[PDB]
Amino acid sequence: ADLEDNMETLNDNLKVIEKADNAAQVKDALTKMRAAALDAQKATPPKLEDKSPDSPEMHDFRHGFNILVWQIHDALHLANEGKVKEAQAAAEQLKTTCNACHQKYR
């Protein structure tokens, strides 16, 4: 898919998590986020289309999705163990990565 729909998926499944009731709900939301953050890593954002694929920005752009993916991995295991409040707090720390990427490349 393209960047905006992947971003949609991230944002909407982030909303599920923040209001989610049970571990199951968080786990399936984080599973869809992980899929969207992977798909998104193959995209060239409008701000860097005229920048090289091997430029420091594209690498840092792609790097940011590696950070997000690993943070989603952490939240996901906590949700799998049932620690629902602990996975949500971790989703809360996720948002800093989101906002850090927008500041730079959106």
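The numbering used is simple: start at 1 and walk along the sequence shown.
Stretches compared: 29 to 37, 44 to 52. Higher mean C-alpha B-factor in the entry: 44 to 52.
Looking at mean Cα B-factors across 77 to 85 and 59 to 67, the upper value is held by 77 to 85. When the modelled residues of the chain are ordered by their C-alpha B factor, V16 lands in the middle third. Sorting the modelled residues of the chain by their CA temperature factor places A91 in the middle third.
When the CA B factors of the chain's modelled residues are split into thirds, the value for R106 lands in the highest one.
Annotation for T97: CA B-factor lies in the lowest third of the chain's modelled residues.
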